[PDB]
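> pasting the first chains of the complex, positions unchanged:
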Amino acid sequence: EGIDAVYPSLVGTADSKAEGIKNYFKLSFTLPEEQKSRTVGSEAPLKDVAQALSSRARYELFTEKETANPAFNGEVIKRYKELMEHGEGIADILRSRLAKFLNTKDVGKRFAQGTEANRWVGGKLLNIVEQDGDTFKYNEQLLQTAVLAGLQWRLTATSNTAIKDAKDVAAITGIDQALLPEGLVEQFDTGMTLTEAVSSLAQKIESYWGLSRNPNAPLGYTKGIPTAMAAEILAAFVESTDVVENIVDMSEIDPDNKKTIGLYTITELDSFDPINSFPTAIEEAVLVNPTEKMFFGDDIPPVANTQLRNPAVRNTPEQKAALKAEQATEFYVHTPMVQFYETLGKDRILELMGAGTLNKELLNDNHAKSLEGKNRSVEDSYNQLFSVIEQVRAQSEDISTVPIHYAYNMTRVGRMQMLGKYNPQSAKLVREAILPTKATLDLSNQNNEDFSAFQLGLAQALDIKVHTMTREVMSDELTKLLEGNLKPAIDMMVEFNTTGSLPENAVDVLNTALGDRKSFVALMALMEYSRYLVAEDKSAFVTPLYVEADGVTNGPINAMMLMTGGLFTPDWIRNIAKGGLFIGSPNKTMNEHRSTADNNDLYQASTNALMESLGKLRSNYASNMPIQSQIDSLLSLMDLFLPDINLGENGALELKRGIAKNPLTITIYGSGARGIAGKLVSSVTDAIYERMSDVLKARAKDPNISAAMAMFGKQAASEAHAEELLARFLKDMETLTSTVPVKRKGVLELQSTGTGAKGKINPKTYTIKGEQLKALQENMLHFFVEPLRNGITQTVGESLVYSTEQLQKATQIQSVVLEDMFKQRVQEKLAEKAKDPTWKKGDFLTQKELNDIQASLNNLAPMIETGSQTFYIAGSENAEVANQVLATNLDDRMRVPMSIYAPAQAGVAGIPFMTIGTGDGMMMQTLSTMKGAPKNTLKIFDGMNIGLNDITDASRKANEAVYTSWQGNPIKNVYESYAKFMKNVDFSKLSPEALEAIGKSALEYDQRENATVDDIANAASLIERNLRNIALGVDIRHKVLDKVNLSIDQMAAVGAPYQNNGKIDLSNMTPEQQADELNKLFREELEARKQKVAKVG
């Protein structure tokens, strides 16, 4: 009688075992104990809410608050009057589409005779209708409340959707990640798919309805009825031209692919729309506890209880404390930076920091696609920032004294991420306008310690390697720039502060002065320095300039410290010193190491090893003439378009440290060899497309120019030199696309493909794809990637790559078993429902039944616990388990598949989870909750912005947090979960498909052709004892390193190292001598543990 008294006019009885028509709306939802929405019980929600928005006094009375938001002024009130009238016309469209549905094929006539038309996949909206004469009609309270949710969704959906990477797009389309076309990713994130639009809209509809789900009701109605309403509202928005629908066909690019995907984009409002200063008036008027809002002053966001998009995992108490500290920081608006942005204008901002205007008649088709994506990011960030400024400006007359708070949540890899799309932590444009840092300095004397901090901040913003030089040397470098190239730019900024105007050629002045140092952070350095020059009182200068403590190769260094076992080697000691770990050198900073000891970082070290491997490969095939020519063509092509590859006049090959940046970072991230090859080739094709645009530009200026000079005009001193380069380009492309190398029996053989490149090119629409693209990747994989991966292994160590292999095998095997049991357990439950008369196919299972299936998997240890963090590698949301349609609209379109939260195969995702989660993720968690933690800082991943008044103390604390995170044992945590899984697993109950996947990870190629169940089980237990041996070695190494004196300078910006107060002196020793001393303590620790286990003359 609870919900049966609020909606007594609904069609059908509320009994699950009735005879006629049953109402599944009242059987699936229940009234809450305390109210959550103010529209429950009303008769005209679209009229009561519109009345409350007509005045400030009425808004306060309806909301029951002392005062409303100051931004809710008269201009905003007028704009909401038109929006409410627009929402009344949306309801008229919905009411007219229902009458057509009941008229075609006599649906209404049959439904009134007893036919269960409300249980259809498209008739699920018939559970919220009422009888009216001989026909049916909507329920006014339910219909008008859903319209209000659509209006709020239309205003803020874009600024809340997630960002799709290349991996996500590949899964949706089905095309291989390494063969994704040009601009496909940039097209996908512009709009949203059907599933994303409907699911997000349906979430708001349920919230506004203010009801609670029934745990014993089928998932086909608790999730289908809200979804069926969302699809109808989205269809109405398309008819009203509020949402534009675009259809992309995969058969155009891949004829073998028959998938069709629709994309929906919301039409955006004007940048001067007054509604942009307060777009959450409807949300705060309906919900008792609004979710979308901006926090001012003492308004502190609440702490989330579960991980991001991982509802099965809850934040640990240690993780919740870190979130609370990060949400207490106050942000402030820098007025001089804001006025500079609006004076320059959006057009000049795009011209300076973007691609500017585009003339598509002189651009390549593929080149123009990338330029538009660059412009979109800058333009969207500019619009988002100035909408916030409008809201802040209404709170007080002084915009610089309004504190701002931001919400945080935990990423599945243990990373604190700001909520929203464009915020200081994500957008660089917004980062320079809203700052949490402040300082007061005495700059009246140039020899003060305060002036040295001021110079350090300016130098780092102007692209100067401050962590590789001493303070005195850095000061000399900055002085030359200030009085040299940057002088014209400073003069313009000085006039701007006093007057407030800019010249018509301001873009050209900044472009010439900055050059290769152009960035958003470099603009603030010019303004801050110019403001200091005109300050009347330099002894109390207040500035928001900061210094960023950036880690030196944070990724690779963490891996070699956390997942390395065995005895110490001199090579490890030398290579780990480049990361900031010094043994036997008290109070040694990174600036001293680079200046005197070693000036090569990890990126340069791997480049040198790559040259060594490349020379050995060529010498192996010295007698093979066809193989030698193929290697020459690959290097020749990369020399023409990549600045990191250079060939001398004598044929000597020279490489730069910039060729191993990306490969080294993604190698630690578990990416395979094919992934590196695909990215390397993509860099070459981008340069080729850009060179085609120069051909079109040169032809327009001079139609009589030659083809060679139109291409390599600026890369050749003479015309004859230009003709030489053109011949090289044509020959290399034909050679690299005609034959490919095939690795058989351990040797490489050239095999023809028959799909070589022929004909005359067209600069406007030149494209490389199909079999031509695959031929290029085959040559790159076997001739350049293989030598590259050998050099990387030599630097990081052979033991580190051994730990990654066992970790990948252990996680993949566990995920395969979990996925098979989940699918095998929901099919047995469905077979039981087939004997239930009150059950129909399409209702799926129940939330109570789904929770029992997941609880039965607890004896296999699906989650990894480290004591302060939790990880769930196999968790995902997929529609494979349900394999059925959830709901459609009244036109039998917009079919939405049903997706549930079920485990899935891991693959190579195990390595990134533990390298990042226990690496920089744990370091930043400690830094926010440690004793005497730094205050007023912005914590970007592997970085931290610090004010000029606390650079020394905060940098020392950052190095202390790094040392704490190096005492962990990620392998031991994985071993403990894997040992429990092996105790309870039963391989004899696995499907034949599952047994084939496990054999691909535990056995060799020859051993898995006819392997039995016993062979697979025996091979899986071997991995268990491999993890135990690795984990024991890591534990001993950390114990030994804690007994000696160490200096930690991983955050090398300032030069404030941290000492571990060890009591063993290893100074005045070579790395060869230190390894022997460390190995002596390693053998003593092993003896004690084994001895403990055993326990006159």
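Here it is on my side, so go on. Numbers count the residues shown, from 1 in each chain, chains lettered A, B, ... in the order given.
> which helix is the longest one in chain A?
For chain A, the longest helix by residue count, based on DSSP state H, is helix A:798-833.
> For the stretch 601-750 of chain A, which segments count as helices?
A:602-620, A:625-641, A:661-668, A:673-701, A:707-712, A:719-738 (DSSP state H, counting those that start in this stretch).
> For residue A:1089, find the nearest of those.
Proximity to residue A:1089 (C-beta to C-beta) singles out helix A:661-668 among the helices of the stretch 601-750 of chain A, at 30.7 Å. C-beta: built from backbone N, CA, C; applies to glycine.
> contacts for that closest one?
With C-beta atoms under 8 Å, 6 or more residues apart in numbering as the contact definition, helix A:661-668 has outside contacts at A:553, A:555-556, A:559, A:602-603, A:606, A:675-676, A:679-680, A:788-789, A:792, A:911, A:915.
> So the nearest residue to residue A:794 once chain neighbours are set aside versus residue A:933, what's the distance?
Sequence neighbours aside, residue A:609 is the residue nearest to residue A:794 in space, at 4.9 Å (criterion: C-beta to C-beta, 6 or more residues apart in numbering). Between residue A:609 and residue A:933 the distance is 40 Å, computed by C-beta to C-beta, to the nearest Å.
> between these two, which one's more packed in?
A direct count of neighbours by other C-beta atoms under 10 Å for residue A:609 and residue A:933 places residue A:609 higher, at 18 against 15.
> wait, the more buried one sits on residue A:789?
No. When contacts are counted by C-beta atoms under 8 Å, residue A:609 is not listed as touching residue A:789 (10.5 Å).
> Surely residue A:535 touches residue A:541?
Yes. Counting by C-beta under 8 Å, residue A:541 is a contact partner of residue A:535 at 5.9 Å.
> Could you tell me which residues touch both of these two?
Counting by C-beta under 8 Å, 6+ apart, the residues touching both residue A:535 and residue A:541 are residue A:443.
> which one of these two has more residues nearby?
The neighbour count for residue A:535 versus residue A:541, taken as other C-beta under 10 Å, is higher for residue A:541 (20 against 14).
> Surely that one touches residue A:533?
No. Contact criterion C-beta under 8 Å: residue A:541 and residue A:533 do not qualify, at 11.0 Å.
> so what's the residue nearest to residue A:794 up against?
By C-beta under 8 Å, 6+ apart, residue A:609 lies in contact with A:790, A:791, A:792, A:794, A:795.
> and if you look at residue A:67?
residue A:60.
> in which helix or strand would I find it?
Taking DSSP states H and E as the criterion, no element holds residue A:67; it sits outside all helices and strands.
> Over to residue A:891?
With DSSP H and E as the criterion, the answer for residue A:891 is that it lies in no helix or strand.
> Distance of it relative to residue A:438?
From residue A:891 across to residue A:438, the span is 58 Å (C-beta to C-beta).
> ok, the two, which is more surrounded?
In this view residue A:891 and residue A:438 are compared by other C-beta under 10 Å, and residue A:438 has more residues nearby, 17 against 13.
> tally of neighbours for the residue nearest to residue A:406 when sequence neighbours are not counted?
Sequence neighbours aside, residue A:418 is the residue nearest to residue A:406 in space, at 5.5 Å (criterion: C-beta to C-beta, 6+ apart). Other residues lying near residue A:418 total 18 when counted by other C-beta under 10 Å.
> To residue A:579, which of the helices of the stretch 601-750 of chain A lies closest?
Evaluated over the helices of the stretch 601-750 of chain A, closeness to residue A:579 peaks at helix A:602-620, with 7.2 Å, by C-beta to C-beta.
> how far does that closest one sit from the chain's center?
33 Å (C-alpha atoms, centre = their mean, to the nearest Å).
> What residues sit buried inside it?
Buried residues in helix A:602-620, defined by neighbour count with 16 or more other C-beta atoms under 10 Å: A:602, A:603, A:604, A:605, A:606, A:607, A:609, A:610, A:613, A:614, A:617, A:618.
> okay, now chain B:
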Amino acid sequence: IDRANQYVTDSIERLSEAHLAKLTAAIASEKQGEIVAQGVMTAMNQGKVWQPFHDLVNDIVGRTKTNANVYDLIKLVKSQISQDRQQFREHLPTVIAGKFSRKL
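Placing chain B onto the earlier chains gives this:
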């Protein structure tokens, strides 16, 4: 010789307290006739087996640094010698005798 090698091997394991072994087995088990007529240098060059041998000698000479002690490398060099003697002195004569349908 075989008895002497076994005694020395067992006396080294008392004091200290895989892939190329398969390629050499394929060399001595060839049954083509047109391949064995080209000599044994060609088969080893085509068989890629020269690469695992280079890694071990590089540690003995000292070109490539390694953490293994003397007793670990001695057990590796003496394991390759016994593999060639087992394959070429015992398994090869059985292949030749298996081409006749009779016991000579």
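> The contacts of helix A:661-668 again, this time with chain B added?
Residues from elsewhere that reach helix A:661-668 (C-beta atoms under 8 Å, 6 or more residues apart in numbering or on different chains): A:553, A:555-556, A:559, A:602-603, A:606, A:675-676, A:679-680, A:788-789, A:792, A:911, A:915.
> In those residues, which residue is surrounded by the most others?
Going through the contacts of helix A:661-668 with other C-beta atoms under 10 Å in any protein chain shown as the criterion, the one with the most neighbours is residue A:606, at 27 neighbours.
> pretty sure it is touching residue A:790, no?
No. The pair residue A:606 / residue A:790 is not scored as a contact, 10.0 Å apart, by C-beta under 8 Å.
> How much space separates residue A:29 from chain B?
For residue A:29, the distance to chain B under the criterion C-beta to the nearest C-beta, to the nearest Å works out to 65 Å.
> correction: residue A:1028
Relative to chain B, and taking C-beta to the nearest C-beta, residue A:1028 is found at 21 Å.
> Which strands or helices does the helix or strand that contains that residue pack on?
Remark: residue A:1028 resides in helix A:1013-1041, with elements defined by DSSP H and E. Under the contact criterion of 3 or more C-beta pairs under 8 Å, 6 or more residues apart in numbering or on different chains; DSSP states H and E, helix A:1013-1041 touches helix A:798-833, helix A:970-984, helix A:992-1002, helix A:1071-1094.
> Can you lay out these as TSV showing mean neighbour count and distance to chain B?
Rendered in TSV, the data for these read as follows (neighbours: other C-beta atoms under 10 Å in any protein chain shown; distance: least, C-beta to the nearest C-beta, whole Å):
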stretch	mean neighbour count	distance to chain B
helix A:798-833	19	9
helix A:970-984	19	20
helix A:992-1002	16	18
helix A:1071-1094	13	9
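> Distance to residue A:242 added to those helices, as TSV?
Compiled in TSV, the helices and strands packed on helix A:1013-1041 are given as follows (distance: least, C-beta to C-beta, whole Å):
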stretch	distance to residue A:242
helix A:798-833	39
helix A:970-984	49
helix A:992-1002	46
helix A:1071-1094	68
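> Just list the residues touching the residue of chain A at minimum distance from chain B, thanks.
In chain A, the residue that lies nearest chain B is residue A:746 (3.6 Å; C-beta to the nearest C-beta). Contact analysis of residue A:746 by C-beta under 8 Å, 6+ apart lists B:47, B:48.
> backbone phi and psi for it, please?
Residue A:746 adopts backbone torsions of phi 90, psi 10, taken as degrees, to the nearest 10.
> cool, residue A:878 as well?
Comment: the main-chain dihedrals of residue A:878 come out as phi -130, psi 150, following degrees, to the nearest 10.
> who does it bridge with?
Bridge pairing for residue A:878 (DSSP bridges) gives the partners residue A:900.
> list the contacts for residue A:851?
No residues are in contact with residue A:851 under the rule C-beta under 8 Å, 6+ apart.
> Excluding covalently adjacent residues, which one is nearest to residue A:50?
residue A:84 (4.2 Å; C-beta to C-beta, 6 or more residues apart in numbering or on different chains).
> what sits against the one you found?
Residue A:84 is in contact with A:46, A:49, A:50, A:53, counting by C-beta under 8 Å, 6+ apart.
> Please, which helix or strand holds residue B:95?
Here residue B:95 is assigned to helix B:92-97, by DSSP H and E.
> For that helix, output the C-alpha coordinates as CSV.
Only the C-alpha atoms of helix B:92-97 are listed here, as CSV (Å, rounded to 0.1, in the frame of the first residue of the first chain):
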residue,chain,number,x,y,z
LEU,B,92,74.0,-41.0,-35.5
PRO,B,93,75.1,-44.6,-36.2
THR,B,94,71.5,-45.8,-35.4
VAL,B,95,70.1,-43.5,-38.1
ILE,B,96,72.5,-45.0,-40.8
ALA,B,97,71.7,-48.6,-39.7
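> rewinding a little: so which of the helices and strands packed on helix A:1013-1041 comes closest to residue A:58?
If we rank these by C-beta to C-beta, the stretch that ends up nearest is helix A:798-833, at 51.5 Å.
> Tell me the helices and strands packed up against the closest one.
Other helices and strands packing on helix A:798-833, by 3+ C-beta pairs under 8 Å, 6+ apart, are helix A:847-855, strand A:900-903, helix A:910-917, helix A:970-984, helix A:992-1002, helix A:1013-1041.
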